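Overview (structure and organization)
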Amino acid sequence: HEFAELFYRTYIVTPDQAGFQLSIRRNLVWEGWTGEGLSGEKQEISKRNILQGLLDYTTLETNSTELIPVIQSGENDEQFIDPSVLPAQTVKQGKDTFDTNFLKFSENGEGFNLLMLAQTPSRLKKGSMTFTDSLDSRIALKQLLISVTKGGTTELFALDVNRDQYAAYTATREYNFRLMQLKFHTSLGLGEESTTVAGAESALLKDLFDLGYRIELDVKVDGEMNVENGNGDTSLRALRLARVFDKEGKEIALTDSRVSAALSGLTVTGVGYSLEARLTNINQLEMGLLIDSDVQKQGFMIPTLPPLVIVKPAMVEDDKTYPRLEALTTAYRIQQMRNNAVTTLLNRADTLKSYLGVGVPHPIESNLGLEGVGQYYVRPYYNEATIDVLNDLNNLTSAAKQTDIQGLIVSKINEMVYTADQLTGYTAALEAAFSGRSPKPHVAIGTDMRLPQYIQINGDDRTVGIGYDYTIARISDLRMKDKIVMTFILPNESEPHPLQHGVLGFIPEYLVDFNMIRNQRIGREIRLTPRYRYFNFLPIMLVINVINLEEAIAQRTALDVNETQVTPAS
Amino acid sequence: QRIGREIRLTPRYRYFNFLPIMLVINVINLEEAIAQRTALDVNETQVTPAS
């Protein structure tokens, strides 16, 4: 009847083909391939799906030619800061791994070449620079490192000075065709809650911070940069304690007792800085993100099932020992359309329990021990929960107990459907799969024949949620006692999709009628050989277990009181 | 030494910010509340000798 129809769409197949094969397309984004082949290279390790990028936040971001200083120990050390002040931290750029800490201030000696400092080992094998690098339209400080010292201990904090008022290299139109310089001098603050580098809070400013005060620093840094060679320099010029304010934004002089006591023995000294410079390649050399596609072919075969067989002694006719054909058709109808479908549904439930674990989704294109091409479009997701009606019920009058119960159950169903749609990304995958309509996901409700009397009411306008089309399916088998199975389905379209929950393999069969004499006995016989199988595709399912309803409706219970102890025990 | 056609997109875009006021509110532990009972955290008004 209706129940198996709702979950497994019927696909009529002519008897010539014993099965159907399905091919699916997919778009892939991936970094470079190992080594080199002389046609490019196809189908290498570490592929990713693009639609997974709609949910994830860094799978499509790339920086390829950022002019980042690269360390070559023993050749460019004199241009970097000392390694005993800030240890080198490992960074990743493209397919290349290297180390960078900070660039050292230049006062009176030679200026630094930003360009030569950015010779990654990737750029060597592609060839050394002759005209390759041209500095971009912007040069800007990324982060600025200061050092506060009190006694022997010193703690370093880098100021994220990028995207401020006055941290951008503005052009000064003199002495060269293309010359850029820096005019950075303003009052950058140190908040009363701000942390330090490598986590944790400072151990030199707690005395002032607990008083709710925060410090002002006067910084004077100037420099120049050439966008044709990489010639440049930058010098620190001033760094000192300037102003101290209260927690309310009014100035307190530096000579006050508390302020002087807190700031006694404190000095501020600059260490280094980093340049955010991108590389303009008008004659470009990059790999970007390569975009190629694949297909997977998966085959489904339709078996045969044990025959349903009749025999009767036939020299005369009988009608009440064996009635007309209706008996065989009834047996076929029941055996196929109900029991096996329910068995497959429960098996799918247990298998999902096994291969996902409760509440933890998996990325697109994960696992291959699951049936269906559904995993190629939507992130697999399983979740189960139980509801304790006795311990989760609100009541003030007995005349409304049923309303409160249905409210609890409908709220739980709403929440589960909402969070499943949120985590699976079923909706976004839905408009991605089919363009030309923008429908809303459909919710399938399957349960035993006792719950629908507590699910259907009119006190709540919402039953599975706003804009969600839903059908409640009743079933009379014993296996469905106190359980509701939730799954998204396609309500209208018939041919299989990875979004379809399941498709009913179907092959029409006719009966066979003739006399057969085995061991010398004569009697006509009737044959029926079922041809079908249930295939299931969509890897999403939500299941809720409802228990303890009867005593909850039987007994008055549970007004929630929390005597919040203005009685001295907490 | 392999010939193929290539197409590139080189974007030029940034987001600047002007108004220095932002308000952030965070909602946490919603599912337990929607699934669990909650009501009436009353305070006993100290009529039994303790004060």
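Preceding this section is the structure that the text describes.
A short tour of the structure in this document, coming up.

Reading guide: rules and limits
Residues numbered from 1 in each chain as written, not as in the entry; some residues may be left out. Chains lettered and ligands numbered in written order. Part of a larger assembly, values for the part shown. Heavy atoms only, no water. Helix = DSSP H or I, 4+ residues; strand = E, 2+ residues; numbered from the N terminus. Rg over C-alpha atoms; globule rule 2.2 N^0.38 Å. Buried < 20%, exposed > 50% of the residue type's maximum accessible area, 1.4 Å probe, protein only. Areas by Shrake-Rupley, 256 points an atom, 1.4 Å probe, with all protein chains shown as cover. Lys, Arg positive; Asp, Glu negative; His and termini not counted. Charge placed at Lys NZ, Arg CZ, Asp CG, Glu CD. Contact = heavy atoms within 4.5 Å. Pairing = 2+ DSSP bridges. Axes fitted to C-alpha atoms, helices over the stretch in contact; angles between N-to-C directions. Buried area = accessible area lost by both parts, 1.4 Å probe. Salt bridge = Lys/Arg side-chain N within 4 Å of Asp/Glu carboxyl O. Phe/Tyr/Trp six-rings, centres within 6.5 Å; stacked < 30°, edge-to-face > 60°. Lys NZ or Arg CZ within 6 Å of the ring centre and 35° of its normal. Polar contact = N/O pair within 3.5 Å; in protein donor to acceptor, adjacent residues only side chain to side chain.

Further remarks concern the overall build of chain B. Each helix and strand counted, chain B has one helix and zero strands in total. For chain B, whose C-alpha radius of gyration is 30 Å, the value lies well above the compact-globule estimate of 10 Å for 51 residues. The buried share of chain B, taken over its 51 residues, is 4%. Of the roughly 5,900 Å² of accessible surface on chain B, a fraction of 58% belongs to carbon and sulfur atoms. Computed over 6 positive and 5 negative side-chain charges, the inter-centroid distance for chain B is 35 Å.

Looking only at helices and strands, one finds ten helices and 26 strands in chain A. The C-alpha atoms of chain A give a radius of gyration of 37 Å, which is well past the 25 Å a tight globule of 570 residues would have. Taking the principal axes of its C-alpha atoms as reference, chain A extends roughly 120 × 80 × 40 Å. For chain A, buried positions account for 39% of its 570 residues. Sequence separation of 24 or more characterises 74% of the internal contacts of chain A that already satisfy a separation of 6 or more. For chain A, the exposed area adds up to about 32,800 Å²; of that, 54% sits on carbon and sulfur atoms. A distance of 7 Å separates the average location of the 55 positive side-chain charges in chain A from that of its 72 negative side-chain charges.

This brings us to the sheet that holds strand β3 (residues 48-49) of chain A. Residue and element names in this part refer to chain A. The strand order across the open sheet formed by three strands is β3-β2-β16, and the pairing between neighbours is antiparallel. Across the chains shown, the open sheet's two edge strands, defined by having one partner strand only, are β3 and β16 (290-301). Note: strand β2 (residues 19-30) against β3, two bridges, orientation antiparallel. Note that in β3 the partner of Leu 28 across the bridge is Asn 49.

Moving on, we get to the sheet that holds strand β18 (residues 381-388) of chain A. Strands pair in a sheet through their backbones, by hydrogen bonds, and they do so in one of two ways: parallel or antiparallel. Residue and element names in this part refer to chain A. In spatial order, the strands read β18-β26-β21-β19-β20; together these five strands make up an open sheet with mixed pairing. Edge strands, defined here as strands with exactly one partner in the open sheet, are β18 and β20 (469-475). Shown here is a sheet whose adjacent strand axes are inclined to one another by a mean of 20 degrees, direction ignored. Bridge count for β18 against strand β26 (residues 540-547) is eight bridges, and the pairing is parallel. Paired with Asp 388 across the strands is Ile 547, a residue of β26. Against the sheet, helix α7 (residues 401-424) touches β18, β19 (442-448), β21 (483-489) and β26, its axis set at about 165 degrees to β18.

With 28 residues of chain A in contact, the opposing surface of chain B contributes 22 residues. In total, chain A and chain B occlude about 2,100 Å² of area from one another, counting both sides; carbon and sulfur atoms represent 46% of this. Broken down residue by residue, the surface that chain A buries against chain B is led by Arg163(A), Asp560(A) and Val566(A), which jointly contribute 26%. Remark: the boundary between chain A and chain B carries one salt bridge.

We now examine unusual backbone geometry. Residues and elements named next belong to chain A. Not every positive phi belongs to a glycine, and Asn 367 is a case in point at roughly 65 degrees. Of note in the backbone geometry, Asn 548 takes a positive phi value of approximately 75 degrees without being a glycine. Within the fold, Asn 548 resides in the loop between β26 and α10 (549-554).

This model, assessed by the stated rule, comprises 15 salt bridges over all chains. Two residues, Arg524(A) and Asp513(A), come together in a salt bridge whose shortest N-O distance is 3.0 Å. Here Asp513(A) lies in strand β23 (residues 512-517) and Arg524(A) lies in strand β24 (residues 522-528), a separation of eleven residues in the sequence. Close ionic contact of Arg8(B) with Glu6(B) constitutes a salt bridge, the shortest N to O distance being 3.7 Å. The class for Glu6(B) is exposed, based on a relative accessible area of 62%.

Residue and element names in this part refer to chain A. Across all of its chains, the model carries 13 aromatic pairs over all chains by this definition. Ring geometry for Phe 20 versus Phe 300: centroids 5.0 Å apart, planes at 70 degrees, classification edge-to-face. One end of the pair, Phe 20, is in strand β2; the other, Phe 300, is in strand β16, with 280 residues separating them in the sequence. Note on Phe 20: relative accessible area 14%, which makes it buried. Among the aromatic residues, ring-to-ring pairing joins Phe 3, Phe 7, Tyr 8, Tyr 532 and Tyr 534 into one connected group. The ring of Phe 177 has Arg 178 sitting right over it, with the charged end atom 6.0 Å from the ring centre. Directly above the ring of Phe 434 sits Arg 437, whose terminal nitrogen or CZ lies 4.0 Å from the centroid.

What follows concerns the pairing of β19(A). Consecutive residues of a regular strand have side chains that alternate between opposite faces of the sheet. Residues and elements named next belong to chain A. Taking burial as the measure, the seven residues of β19 include seven buried ones, the bulk of the element. Inspection of the sheet shows β19 paired to β20 by seven bridges, in the parallel sense. Of the residues in β20, the one forming a bridge with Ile 445 is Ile 472. Where β19 meets β21, six bridges bridge the pair, whose relative direction is antiparallel. In the strand pairing of β21, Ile 445 is matched with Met 486.

Next up on the list: the environment of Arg450(A). Residues and elements named next belong to chain A. Positionally, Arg 450 belongs in the loop between β19 and α9 (452-455). Remark: the alpha-carbon pair of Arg 450 and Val 148, spanning 302 residues in sequence, is separated by 72 Å. Among the polar contacts made by the side chain of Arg 450, one reaches the side chain of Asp 482 at a distance of 2.8 Å.

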